[PDB]
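**Student:** sequence plus experimental coordinates follow:
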Amino acid sequence: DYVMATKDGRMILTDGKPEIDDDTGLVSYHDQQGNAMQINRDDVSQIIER
């Protein structure tokens, strides 16, 4: 999906389609600006039924 609901409950509009580095727990997502940034796995709340 294209929305990342996070720990704080805030819905982040994403390009979607995130890549998680499962060796540490960093989630590489794409923001609206087309930015590939990494957030915390624990900060990832609701993406979709995984």
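**Tutor:** Everything's here; your move. Numbering: from 1, shown residues only.
**Student:** how about the contacts made by residue 3?
**Tutor:** Applying Cβ atoms under 8 Å, 6 or more residues apart in numbering, we find residue 3 in contact with 11, 12, 13, 14, 16, 47. For the C-beta atoms, the positions are set from N, CA and C on the backbone; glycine is no exception.
**Student:** is it true that the second one lies in a strand?
**Tutor:** Read that as residue 12. Yes: under DSSP: H, G, I helix; E, B strand; the rest coil, residue 12 falls within a strand.
**Student:** the residue nearest to it when sequence neighbours are not counted sits in which helix or strand?
**Tutor:** Excluding the flanking residues, the one nearest residue 12 by Cβ to Cβ, 6 or more residues apart in numbering is residue 4, at 4.3 Å. Under the criterion of DSSP states H and E, residue 4 resides in strand 3-6.
**Student:** okay, buried residues for that strand please.
**Tutor:** Judged by neighbour count using 16 or more other Cβ atoms under 10 Å, the buried positions of strand 3-6 are 4, 6.
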